């Protein structure tokens, strides 16, 4: 009865990307980060059962197409990270992903492998580490767009894509055994691009 946790997705929205202004000095330089979506948060990525020691593991779902170093502006990272660049099905574009715990002081964890703990980050260096026993597991999501080649002017349609999942791991075996996941989404929309001289 204690393991009545349910997942809730976390998403970012294409419509929050600023218009992409491409200056002459950049137009032919790739890969390059071309803007950030607005960061989002969800207190309740997993919630509902008896309080538990929990942690969340991110599994990417998109094809890797390269890597790049970057420092996100949002989330207050001091130092860069190396990110996998992921295919979204649009020529000239890719995305990079960072995630963090719900608590705002927790650090951005770059997505650059098949699996990482997004919170607590100490689980990446200690297999016995979980968050302290509590009702909920939350997260923050950060996505940026990457130009991997030349882009046309005007509107560019971006499909909705499942970026990956967060897996609920727990110290309690009966909860861990459920293997609950929550989707991590990019909601589609249209970006705009304009070169300038």
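Numbering follows the first chain given and starts at 1.
Remark: stretch with higher mean C-alpha B factor among 94-102 and 79-87 is 79-87. Stretches 19-27 and 6-14 differ in mean C-alpha B factor, with the higher average recorded for 19-27. Residue set 57, 64, 172, 140: peak C-alpha B-factor at 172 (per PDB entry). Note on 149, 39, 48, 164: the highest value goes to 149, judged by CA B factor as recorded. Residue-level temperature factors show residue 145 in the middle third of its chain, judged at the C-alpha atom. Residue 120 sits in the lowest third of its chain by CA B factor, as recorded in the PDB entry.
Remark: residue 136 belongs to the lowest third of its chain, ranked by C-alpha B-factor as recorded.
In the deposited entry, the Cα temperature factor of residue 130 sits in the middle third of values across the chain's modelled residues.
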